[PDB]
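What follows is a short report on a single structure.
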Amino acid sequence: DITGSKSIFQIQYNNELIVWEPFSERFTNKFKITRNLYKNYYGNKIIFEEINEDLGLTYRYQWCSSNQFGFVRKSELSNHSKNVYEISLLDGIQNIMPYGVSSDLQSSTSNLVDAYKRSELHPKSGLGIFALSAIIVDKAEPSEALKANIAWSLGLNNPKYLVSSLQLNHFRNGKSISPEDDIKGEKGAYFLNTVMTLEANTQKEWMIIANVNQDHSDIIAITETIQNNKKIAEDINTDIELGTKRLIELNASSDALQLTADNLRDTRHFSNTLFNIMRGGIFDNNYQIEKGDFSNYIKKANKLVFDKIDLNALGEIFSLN
Amino acid sequence: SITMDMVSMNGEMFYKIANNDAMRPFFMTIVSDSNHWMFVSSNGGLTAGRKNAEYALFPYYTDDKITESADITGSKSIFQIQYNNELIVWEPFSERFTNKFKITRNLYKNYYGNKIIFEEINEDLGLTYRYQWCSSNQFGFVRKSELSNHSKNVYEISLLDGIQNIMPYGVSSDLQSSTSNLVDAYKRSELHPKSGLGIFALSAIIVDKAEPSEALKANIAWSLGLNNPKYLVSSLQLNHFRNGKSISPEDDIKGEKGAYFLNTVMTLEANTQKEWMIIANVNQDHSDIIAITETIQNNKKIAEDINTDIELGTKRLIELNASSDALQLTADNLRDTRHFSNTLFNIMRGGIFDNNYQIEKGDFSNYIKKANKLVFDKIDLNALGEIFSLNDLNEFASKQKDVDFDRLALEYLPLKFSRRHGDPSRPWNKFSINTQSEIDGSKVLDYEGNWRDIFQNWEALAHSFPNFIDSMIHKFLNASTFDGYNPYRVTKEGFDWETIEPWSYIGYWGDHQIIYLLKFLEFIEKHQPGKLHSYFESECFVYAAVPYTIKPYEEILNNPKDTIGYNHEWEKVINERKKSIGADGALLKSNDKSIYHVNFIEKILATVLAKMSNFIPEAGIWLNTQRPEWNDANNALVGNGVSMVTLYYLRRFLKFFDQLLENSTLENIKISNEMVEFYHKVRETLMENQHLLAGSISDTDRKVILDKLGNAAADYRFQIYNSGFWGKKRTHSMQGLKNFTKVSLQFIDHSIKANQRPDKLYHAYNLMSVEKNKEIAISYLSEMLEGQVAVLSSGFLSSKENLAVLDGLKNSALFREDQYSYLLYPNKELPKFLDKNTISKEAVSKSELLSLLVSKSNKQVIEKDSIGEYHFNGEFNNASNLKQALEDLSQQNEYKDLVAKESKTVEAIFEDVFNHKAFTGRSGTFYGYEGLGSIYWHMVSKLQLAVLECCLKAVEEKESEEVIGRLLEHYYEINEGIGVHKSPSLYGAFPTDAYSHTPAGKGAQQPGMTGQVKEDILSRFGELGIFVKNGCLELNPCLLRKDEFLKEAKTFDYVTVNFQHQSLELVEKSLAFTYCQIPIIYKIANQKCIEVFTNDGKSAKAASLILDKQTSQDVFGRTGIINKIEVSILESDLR
Ligand SMILES: [Cl-]
Ligand SMILES: [Cl-]
Ligand SMILES: [Cl-]
């Protein structure tokens, strides 16, 4: 309810404002709903889905990974009713950690950490910066926090932004929010607020991207991309699919791929193999070895041997043979 | 919408916050007379237990997580209500059914702070549900439930009500915090069918050892008041019921969080109410559980016995608090309630005396045994009874002719009820309420506390028990070191010092000595004039052996952050003496004796000379002892920081001492031979530099003076660390000491005059640096509240100057508008993330190294972003990270030379970007606690007391009524800021409860045991005109407002010194309070008069409001001779 994905919709139906908060337990048995959960055959994507059967509205969000961009939350709001709906939506992620809090400190002393939080919005780009005012340390010495966690968005028109969960309940109670760009002392969050007309038999999509361990240069690169790169959505989707492709290549090298009459068995063999190579490893490239890695390994193993053996006769890459 | 009213609930008065759910949830401590603790949010989320976190009923987490846990932990109630042919589900206090019903939520807390009620009105159904938490020494926690039908309908209701996420016995708070999932696998919750009692245990105590580990205790919950209940011992079916279905009884659930739920079906008629209770307790063995099961089955009056024990709890709470003058009755119950809670939080932290001035032989005898085995063997306590007074002990001691017994007898403090101030909002502090023996639950007479916290609490406590002041003074002095400092903690047994575990080091706090000692010395001289004089030549004081070596002066000057080593060899000798003697083994010996004894004059010189040895003219007292002063958040000022704050209080200390010496008729003093050189070198340094005070002091002369003072201290301590005290003393002139005090005051006064700002505020903390190794330069820091508090406390400024300071303060950046009170230092905008760390293009291009690193796309030190701006590497926290990176670069051939050439240049660019030379600590770099925009209430209340003392000075010296009036206006406004009359939404909690701080973005944070309360106790006594001077009590308000006086008749229920609960009838135009637990009634009258009523049935009247010394001693001595005092006050003297 307080951490991760959160979505609230204010829907004009008749001359009534109706509030729907999918995946929450905030409105028990208010609506007939169906919840479905999806996971892909490779295990690297998951979709949460709620159908509001009273409104003929479905909300889905999907988690994907991107080596380049971090985590990508892809959202779809689908109107399969015969009605046109005026919807004001608040959607995003909450209890975003700032960079540089140890897991130990967050576990034992979360309240103290809050006093060091500062969440900001970069106005031009809509990117959210989740940082500390200082790295928390016992020493009586300066301790600058020069990295951040981030979240940003594509696909919604002229959004208002929150960088905290302070106004979430106000929205839940059918009221409108004020934009935030600088909140101190509170759990980080990243929410988009937009108003849209969702026609019958139509679907609206958007995505939120979040990443960790970002320095000033990393953040400027994203802000520039948001402003100048017309194909940024495509580049994100390309990097997601590259991820799947690389996952398949790793696993397939350990005989993960089978096709029988029974996809459950085929899928289980895939995941078995993945969990095996995740724990024990997979070979880099068949029986191929790199001179540089091998040379470093010998250096650490036995300095006498490393001094004595001349590896010049071997190429930059060579086989086990 | 959010109002606060007084409301009777079942015949008991509570404060009610209406619509409490419109406030951001706030955190509370529910107090007990016993060993209960309970930390609860206004939303219902809680942790609770007995003694400490290792006997938690509900899991012990930080206050954010407690607040966030309300849906799954603690109280839970679901009602299935048949109306029409519809089953309607209502879950009060939950967020499960948002806006399903029109509801009102109200929160109640009683005047004593030991009961809380949560209430939800379902306005659509005309149904109200309330539950109340109470404590019982015998039974544990009691949750009293009421379901009230105020509709015109009859309802068929099936209810599920109880408590969930009940801890099993024997889970450590550490394990529950870090590994709660593993704990679940060991849980087994059971129901005892015959009784309905729930048993919450582990299958085994969780341990790393490969050994059996039986879990032979449990937590329990049981119930009264419901007919034929079904029971759940888990939350597994909660959601089934939430969805309108019926439940199956449970009596054995493994692997799941414990819960205890009752299910019954009832017909609730119109205009009727149903009641029940749940009782829960911790740390129960098989015998304990059988006793409850038997009681449930056979004891017809068990409900009454529970209610009796709850009320006994309240009564005992009142008796404890009343003994420290907690009970007042004025026209304003908010003020009366705040005074009650202030006093409670004071005695909770510092303790309360067991029984007036009464001492038990057994406790006392055990204390002597632990203190000094030689003394214990030698002293025959037969002549004393099983119980005896402080006076009886003094008389007994006077006959034994043993100075070590004198000291131990005097130091004895029969305190109880103290505990450390840890809680979910102060999770770095471990707490344990160790007030009942583990063997038989009898009272425990013990105490422990951090130096500053406990001596602060005791100043307020002493007012109610004045004859213990000598005890406190000796405890303080005798726990001080020869080099003028003290260990970090005091205990009944003696004292504890910090040890070294890293970047871990020990030290001494600069503020610990002067002001805290002074308040006690001021107290005794008011109550017992001449008593301090009687100790001038009495060699009954000792020196605490704390094994810290303060380094030579030249090493301190060289690096004033590296100044104190732990002496492990000294430690071994102490531990050996402790085995051989007891606690007294931690006292310095001499060449001659096991325990070295000195007089009061020597003890004062020890602490004064240590401070003066760190005196930097025009700057203050150097902070160079590896610990800060009061403000931990400015802890990086240790090293080059200098305290004007301590100098201001030293001015007050030395003026007091100057007058004390002047009133003496002793012609000589007697001090350790070793101290003579030190005392003389310091005195001489000041005498021969006094000519400089005609103007300002150069940086050259500043160093000449500090070098002489510092070298003198260093030679003294070197001699004692290496050779010890030889045991000989020398006779010197009293005139010479008066000369020393006078010249010390001349230097301090000159320094004060050099520390006024243009805005009329005073400097709090300055910086020093050593220049051309021949000069000491001073620079200045921001305006700080603490400086204003200290200079206004100094006694140095005139009334007009005090008022100019306070006018400056009101108009300064320290005034925070929304709460109309004071910050510690200005709020400031910190740089936003993308503004923190940019290197100018010019600086990069002018550096060959940085330009080369950019060229080669090396990112170890500097990186260039895609709009062409330059940044230091994002991993750097400070210069030490930069240095390390430059050394890594210097391993590479192409960088080696440039790194050697430009390292200093690059480091200077770093310092230019980050300005770390200006860092004073986390105070300027965070947004809670002592941080930016935060009001830290203890310091505001110290300001209030200082302003009061300024008001009393102006009245006394007969300033113009304009000056008196303007000073009083400051007093009343500061008091308003404290917030007792604010709305709950502005205060952010119950305004009658103290909290540590209010940050910029939230209401009050950290409930209860703040040191603020001791200041507000003292200010309240000042307001009521309770003054002691020349051994005489005066009851004569000059600052008290007319509106404090009652507008209607009221009954004052109070407790006498002999624990009798009695009543007085007050009329209009009067009020009441107690002092030394005597009730005092003020009444408005045509003529001043005091009337003393004695237990012989007589009374005695005079026009003077100053009592004589003998009558005053009868008050202070708590002998029950005086029954009450009535004081007739002029309307024209009220404000
Ligand atoms: Cl502690
Ligand atoms: Cl303490
Ligand atoms: Cl001696």
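Coordinate-derived values only; no laboratory data. Don't worry about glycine lacking a Cβ; one is built from the backbone with ideal geometry, like all the others, and counts go over all protein chains shown.
Could you tell me whether any residue of region B:858-872 is charged (D, E, K, R), part of a loop (DSSP other than H, G, I, E, B) and either more than 8 Å from every other protein chain (Cβ to nearest Cβ) or over 27 Å from A:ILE226 (Cα atoms) (or both)? Within region B:858-872 (the criterion being charged (D, E, K, R), part of a loop (DSSP other than H, G, I, E, B) and either more than 8 Å from every other protein chain (Cβ to nearest Cβ) or over 27 Å from A:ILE226 (Cα atoms) (or both)), the answer is yes, since at least one residue qualifies. The residues of region B:873-894 that are closer than 14 Å to B:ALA908 by Cα and not in a helix (DSSP H, G or I) amount to a single one, B:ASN878.
Each residue in region B:236-261 was checked for being of a type in the set (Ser, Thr, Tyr) and assigned to a loop (DSSP other than H, G, I, E, B), and 2 of them qualify. If we keep just the residues of region A:135-160 that are surrounded by fewer than 17 Cβ atoms within 10 Å (Cβ to Cβ) and of a type in the set (D, E, K, R), which is farthest from the other protein chains (Cβ to nearest Cβ)? Here the residue is A:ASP138.
Do we find a residue being outside any helix (DSSP H, G or I), in contact with a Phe, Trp or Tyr (Cβ under 9 Å, 6 or more places away or on another chain) and either more than 16 Å from ligand 2 (Cβ to nearest atom) or of a type in the set (A, V, I, L, M) (or both) anywhere in region B:394-411? Taking every residue of region B:394-411 in turn, none turns out to be outside any helix (DSSP H, G or I), in contact with a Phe, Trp or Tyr (Cβ under 9 Å, 6 or more places away or on another chain) and either more than 16 Å from ligand 2 (Cβ to nearest atom) or of a type in the set (A, V, I, L, M) (or both).
When restricted to residues that are more than 14 Å from ligand 1 (Cβ to nearest atom) and surrounded by fewer than 20 Cβ atoms within 10 Å (Cβ to Cβ), region B:414-432 contains 1. Taken over region B:821-838, the criterion of being out of contact with any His (no Cβ under 7 Å at 6 or more places or on another chain) and within 11 Å of chain A (Cβ to nearest Cβ) is satisfied by B:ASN827, B:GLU829, B:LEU830, B:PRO831, B:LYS832, B:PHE833, B:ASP835, B:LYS836. Where strands (runs of 3 or more DSSP E) fall entirely within region A:136-221, those with at least 2 residues that are among the β-branched types (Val, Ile, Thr) and either touching a strand residue (DSSP E or B) at 6+ places or on another chain (Cβ under 7 Å) or within 29 Å of B:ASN634 (Cα to Cα) (or both) are at A:188-198, A:202-214. Residues considered: A:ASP255, A:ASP182, A:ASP218. Of these, the only one that is surrounded by fewer than 16 Cβ atoms within 10 Å (Cβ to Cβ) and either under 18 Å from A:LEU154 (Cα atoms) or within 14 Å of chain B (Cβ to nearest Cβ) (or both) is A:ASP182. For the residues A:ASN83, A:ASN95, A:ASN52, the requirement of being out of contact with any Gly (no Cβ under 6 Å at 6 or more places or on another chain) and within 14 Å of chain B (Cβ to nearest Cβ) singles out A:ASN95. Identify all residues within region A:267-299 that are aromatic (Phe, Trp, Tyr) and either in contact with a strand residue (DSSP E or B) (Cβ under 8 Å, 6 or more places away or on another chain) or part of a helix (DSSP H, G or I) (or both); write none if there are none. The answer is A:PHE270, A:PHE275, A:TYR287, A:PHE294, A:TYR297. Residues of region B:585-638 that are within 16 Å of ligand 3 (Cβ to nearest atom), assigned to a helix (DSSP H, G or I) and in contact with a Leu (Cβ under 8 Å, 6 or more places away or on another chain): B:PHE600, B:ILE601, B:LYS603. Residues in region B:453-464 include at least one that is closer than 23 Å to B:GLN1012 by Cβ, within 16 Å of ligand 1 (Cβ to nearest atom) and within 22 Å of the chain's Cα centre (by Cα).
Considering only region B:161-177, state which residues are surrounded by fewer than 22 Cβ atoms within 10 Å (Cβ to Cβ), touching a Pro at 6+ places or on another chain (Cβ under 9 Å) and not hydroxyl-bearing (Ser, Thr, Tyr). B:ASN165, B:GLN176, listed by residue number.
May I ask you to verify whether B:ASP377 is out of contact with any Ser or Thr (no Cβ under 8 Å at 6 or more places or on another chain), more than 16 Å from ligand 3 (Cβ to nearest atom) and of a type in the set (D, E, K, R)? Yes. Only a single item in (1) of a type outside the set (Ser, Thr, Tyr); (2) within 14 Å of chain A (Cβ to nearest Cβ); (3) under 22 Å from B:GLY313 (Cα atoms) is not met by B:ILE78, and it is number (3). Residues being away from ligand 2 (no atom under 16 Å from the Cβ), over 32 Å from the mean Cα position of the chain (by Cα) and either buried (at least 19 other Cβ atoms within 10 Å of the Cβ) or over 16 Å from B:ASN478 (Cα atoms) (or both) are represented in region B:608-619 by at least one member.
For every residue, the table says whether it meets (1) within 32 Å of the chain's Cα centre (by Cα); (2) surrounded by fewer than 21 Cβ atoms within 10 Å (Cβ to Cβ).
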residue: B:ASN307; (1), (2): no, yes
residue: B:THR314; (1), (2): yes, yes
residue: B:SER324; (1), (2): yes, no
residue: B:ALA331; (1), (2): yes, yes
residue: B:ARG335; (1), (2): yes, yes
residue: B:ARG338; (1), (2): yes, no
residue: B:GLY351; (1), (2): yes, no
residue: B:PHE396; (1), (2): no, yes
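Would you check if there is a residue in region B:988-996 being under 22 Å from B:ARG24 (Cα atoms) and of a type in the set (A, V, I, L, M)? Yes; the residues of region B:988-996 include at least one that is under 22 Å from B:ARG24 (Cα atoms) and of a type in the set (A, V, I, L, M).
Taking the criterion of being under 35 Å from the mean Cα position of the chain (by Cα) and assigned to a helix (DSSP H, G or I), would at least one residue in region B:729-741 satisfy it? Yes, some residue in region B:729-741 is under 35 Å from the mean Cα position of the chain (by Cα) and assigned to a helix (DSSP H, G or I).
Just one of (1) more than 9 Å from ligand 2 (Cβ to nearest atom); (2) of a type in the set (D, E, K, R); (3) more than 14 Å from chain A (Cβ to nearest Cβ) trips up B:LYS430, so point out which. Unmet for B:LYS430, out of (1) more than 9 Å from ligand 2 (Cβ to nearest atom); (2) of a type in the set (D, E, K, R); (3) more than 14 Å from chain A (Cβ to nearest Cβ): (3).
Inspection of region B:1046-1054 identifies no residue that is within 27 Å of B:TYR357 (Cβ to Cβ) and among the small types (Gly, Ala, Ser). Of the strands (runs of 3 or more DSSP E) lying entirely inside region B:1032-1127, those carrying at least 2 residues that are over 26 Å from B:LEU968 (Cβ atoms) are B:1050-1055, B:1061-1066, B:1078-1085, B:1089-1094, B:1099-1102.
I need every pair where a residue in region B:770-794 that is on the phi > 0 side of the Ramachandran plot has its Cβ under 9 Å from the Cβ of a residue that is in a strand (DSSP E or B), sequence separation at least 6 or different chains. Note: no pairs meet the criteria. Only one of the numbered conditions (1) in a loop (DSSP other than H, G, I, E, B); (2) away from chain A (no Cβ under 14 Å); (3) more than 16 Å from ligand 1 (Cβ to nearest atom) is not met by B:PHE468, and that is (1). With respect to the conditions (1) more than 14 Å from chain A (Cβ to nearest Cβ); (2) within 22 Å of B:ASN227 (Cβ to Cβ), B:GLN164 falls short on a single one, namely (2).
In region B:1-44, which strands (runs of 3 or more DSSP E) lie fully inside it and hold 3 or more residues that are loosely packed, with under 15 Cβ neighbours inside 10 Å?
Details: elements: B:4-9, B:12-18, B:27-29, B:36-41.
It comes to B:4-9.
In region B:584-600 there is at least one residue that is away from ligand 1 (no atom under 16 Å from the Cβ) and closer than 30 Å to B:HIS750 by Cβ.
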